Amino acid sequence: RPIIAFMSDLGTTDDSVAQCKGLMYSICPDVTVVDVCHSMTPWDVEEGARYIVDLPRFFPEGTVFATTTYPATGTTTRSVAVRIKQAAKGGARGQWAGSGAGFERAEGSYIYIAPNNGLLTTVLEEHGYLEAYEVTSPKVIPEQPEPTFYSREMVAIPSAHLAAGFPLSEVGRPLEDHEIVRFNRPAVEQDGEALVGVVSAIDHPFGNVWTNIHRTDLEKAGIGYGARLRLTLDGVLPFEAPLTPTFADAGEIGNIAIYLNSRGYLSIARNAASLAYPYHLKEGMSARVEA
C-alpha cells in the first residue's frame, strides 16, 4: 500500500496537479496520493521547505515525498532523490507522533524527490541522509520532458516509479554532498539578552504569528514556560505575555498568548481571535524576544 505525499507550487485552480496524479496512478496503480499542499508562493524554496521538513514522523515507513517548486524547469538541471536517515521527533516538546507513546519510525524509511535547488535544505539538516542520486534514467523520467513542466516530468513521474519499487540507486549517478544545492538559513542572533529573528510565517487560517526562534534558542537563553516575555514585531509593535503551552492559557478570548507552536518554534497569537490579520502582520518582519 504505497503512499506518495505530494507538495507543489502548482495550485488547485486548474488540472495541473491532476495530470501529475493521473501519471502516478498509471505507474503505481495501488498508490495512495496524499496532498501536502499546492498553494506555496511559487519559487519560494524556503517556504516549500517548511511544508515538508516535519512530515516523516507522521507517515508510514516507505512513504515517498514528492516535493517541488521548479523555476529551473526545462534546463539541464536534474532532480535529486534522497533516502533520509532519521525520521526525527518534533513538536513543542520533541516527541514521536501518534497514540500512546507515539509511533517510533525506523531509520532510512523515507525518500524525498525534489528539484536540486535547495528545497530539501532543512530536510537534510534535520533528518540527515543515507544516499542521494541524480534523477536521469529514462526508466523513471521522460526521454523528451515537457520544458515548462519539470514538476511533473522530474518529480511526479519518478516519485511514482519509486513508490512502485523502482530501486532508488538506479535513478542515476550518486551525488556528492557538495552537489546537493542548499539555501542559507539566516541564524537567530543573540543581541545582549534578547533573541533576534524573523516572522517565518503567518499561520493561516488563524493569523497566528510563527517565528524562526526555536525551542533550543529559548533554552540556550534560559527562557522556559512561565517566563514573562516582551516580543517585538516589525521593530515597532511590542507584545507582553508569559510563555505558555497553548492559546487558552491567555485567559479571555482575544488576549495575547506567546507559545511554542506544534513545529517547535516561538509563536504569538490571540486566544481564539486573529492576531496577524487586523494588524496586517507579515512574513519577514523582525521578531525580537527578551525576558
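Numbering starts at 1 and runs along the sequence shown. Definition used throughout: the rigid core is the maximal C-alpha set that superposes within 1.5 Å between two forms.
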Margin query: Core-aligned, RMS over all structures and residues: is 126 to 134 or 186 to 194 the stretch with the greater C-alpha displacement in 7 other deposited structures of this protein?
Written below: 186 to 194
Check: Which of 83 to 91 and 117 to 125 lies farther, on average, from the shown form in 7 other deposited structures of this protein once the rigid core is superposed (C-alpha RMS)?
Finding: 83 to 91
Notebook entry, point to check: Going by the B-factors listed in the PDB entry, is the mean over the C-alpha atoms higher for 205 to 213 or for 138 to 146?
Noted result: 138 to 146
Check: Going by the B-factors listed in the PDB entry, is the mean over the C-alpha atoms higher for 92 to 100 or for 188 to 196?
Finding: 188 to 196
Margin query: Can you tell me which of 59, 225, 70, 65 has the maximum CA B-factor listed in the PDB entry?
Written below: 225
Margin query: Test of reading the entry: by CA B factor among the chain's modelled residues, which third contains residue 48?
Written below: lowest
Check: Would the CA B-factor of residue 112 place it in the lowest, middle or highest third of its chain?
Finding: lowest
Notebook entry, point to check: When the modelled residues of the chain are sorted by Cα temperature factor, does residue 151 land in the lowest, middle or highest third?
Noted result: lowest
Item checked: Ranked C-alpha temperature factor of residue 230 among modelled chain residues, by third -> highest
Next item on the list: Sorting the chain's modelled residues by C-alpha B-factor, tell me whether residue 159 ends up in the lowest, middle or highest third.
Entry: lowest
